[PDB]
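Worth knowing before you read on, the calculation uses all heavy atoms, side chains too, and leaves out hydrogens, waters and symmetry mates. When a ligand or atom number is given, it counts from 1 through the structure's own listing order. Sequential numbering from 1 along the given sequence is applied to the chain's residues.
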Amino acid sequence: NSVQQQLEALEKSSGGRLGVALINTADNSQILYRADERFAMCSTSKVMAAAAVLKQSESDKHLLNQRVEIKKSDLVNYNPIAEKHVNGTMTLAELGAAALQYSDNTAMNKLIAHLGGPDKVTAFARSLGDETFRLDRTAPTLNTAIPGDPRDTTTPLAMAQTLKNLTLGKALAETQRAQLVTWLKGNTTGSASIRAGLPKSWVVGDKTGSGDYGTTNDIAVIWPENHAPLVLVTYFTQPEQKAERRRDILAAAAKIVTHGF
Ligand SMILES: *C(=O)[C@@H](NC(=O)Cc1ccccc1)[C@@H]1N[C@@H](C(=O)O)C(C)(C)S1
């Protein structure tokens, strides 16, 4: 019962479409399941927005500190930290933190706003050699996850490759890179996703995602106790527009692929 057989059974039993991509930084080997298929990134795209700003902070020693005003008209569906700062301000850095660690949607838009639109995030991705990733809308519409809809999608492999480069590779300058990582490890929303499928003693930084069509995503970087890091992307989506999220499926995927590390 190969890993693939385990994944296939998982997908089948879930009555959904599972997308998995793990890269073992130890030997650069990987495990792939529908990893070349497009899935709606949902909030996992936030990482690209954050990295985009860190990249330009490399060239702007003042950037990250710059303050941003938070008005009640900025609030959208999910703004856990943006609200607390309505009538006050938030620095680019704080926005980055709220967007990744709490997946604050207002935060994401501010970041997109600052960058010059979704098209810019896409450009930043292209500049990072990622030719798959594409951001088309802002929060929360980027979370429609309509089957076969090209907008705001990527492939598990492409995201997996990029996450690696950003967190453990040549993408960001050391300081920025470390900052990104710090944010990912601090995420508070992935407790039941990938993290729930790994040894509790292992270090993980991740960015979850939720959307229509019961789309359930999580992308993470894992630091095993005595092994090189592992980069894992787990996307899951369903046929019925109002299907429930299945974070447990993500956990199962992680447990499955994580085995033997
Ligand atoms: C990113 O995916 C954001 N998603 C939404 O705004 C749509 C949504 C879906 C289900 C319930 C509420 C809102 C935010 N990121 C996800 C996530 O990290 O899983 C949230 C559920 C935090 S909303």
Tell me, which protein residue and heavy-atom name are nearest [atom], and how many Å apart are they?
{"atom": "atom 18 (O) of ligand 1", "value": "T208 OG1, 2.6 Å"}
{"atom": "atom 22 (C) of ligand 1", "value": "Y78 CE2, 3.6 Å"}
{"atom": "atom 5 (C) of ligand 1", "value": "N143 ND2, 3.3 Å"}
{"atom": "atom 12 (C) of ligand 1", "value": "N77 ND2, 5.0 Å"}

Any side-chain heavy-atom pair of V53 and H114 under 4.5 Å: yes
N/O separation below 3.5 Å, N105 to ligand 1: yes
Suppose I only count heavy atoms of [X] and a 4.0 Å limit; which atoms of ligand 1 are within that range?
{"X": "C42", "value": "2 (O)"}
{"X": "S103", "value": "1 (C), 14 (C), 15 (N), 18 (O)"}
{"X": "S43", "value": "1 (C), 2 (O), 3 (C), 4 (N), 14 (C), 15 (N)"}

Minimum-distance pair of heavy atoms, taken over all atoms of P239 and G15: CD-O, 3.5 Å
Minimal non-hydrogen separation, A50 against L100, with atom names: CB-CD1, 3.8 Å
Distance flag for atom 1 (C) of ligand 1, protein heavy atom under 4.0 Å: yes
Region of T44 engaging ligand 1 - heavy atom pairs below 4.0 Å: neither
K207 to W183, cation-pi by 6.0 Å centre distance and 45° axis angle: no
Same apolar cluster: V221 and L250, side chain cutoff 4.5 Å: no
Sub-4.0 Å heavy-atom contact, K207 with ligand 1: yes
Any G209 heavy atom less than 4.0 Å from ligand 1: yes
Greater than 12 external heavy atoms within 6.0 Å of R195's CZ: yes
Closest to atom 19 (O) of ligand 1 (judged by heavy-atom distance), picking from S210, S45, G214: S210
Per-pair distances, 0.1 Å, donor-acceptor, side chain in residues 75-85, under 3.5 Å, sequence neighbours excluded:
| residue | atom | partner | partner atom | Å |
| --- | --- | --- | --- | --- |
| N77 | OD1 | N105 | ND2 | 2.8 |
| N79 | OD1 | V76 | N | 2.6 |
| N79 | OD1 | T106 | OG1 | 2.6 |

Among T167, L54, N165, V181, the one residue meeting side-chain contact (heavy atoms from CB on, under 4.5 Å) with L172: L54
Reported CD1-to-OG distance for the pair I23 and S29, which is rounded to 0.5 angstrom: 9.0 Å
